[PDB]
């Protein structure tokens, strides 16, 4: 929808160890009721999830968030791991349409 929406991200891939800064342009969000969720449906095993590292201060005028990537689940991957990133409102867990994110082996 447009409520929560990732307009564009400056990085769509990142080192498996996480900790990398990303500029994410989004539709209006509340700095204190927003988290960036990286996740991967582990199919039969469920769903892995990691959250972008940032504070309300990194939410620029409610239309962008500069954050750092979470460490992927398996920091010893041999080849790229495809996950998803979605904006998610903390209160009611509302979600944006996901964006593909590639985690690459260090």
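Numbering follows the first chain given and starts at 1.
Averaged over CA atoms, B-factors in the entry run higher in 71 to 79 than in the other of 71 to 79 and 48 to 56. Looking at mean Cα B-factors across 59 to 67 and 38 to 46, the upper value is held by 38 to 46. Sort the modelled residues of the chain by CA B factor and residue 1 lands in the highest third.
Annotation for residue 97: CA B-factor lies in the highest third of the chain's modelled residues.
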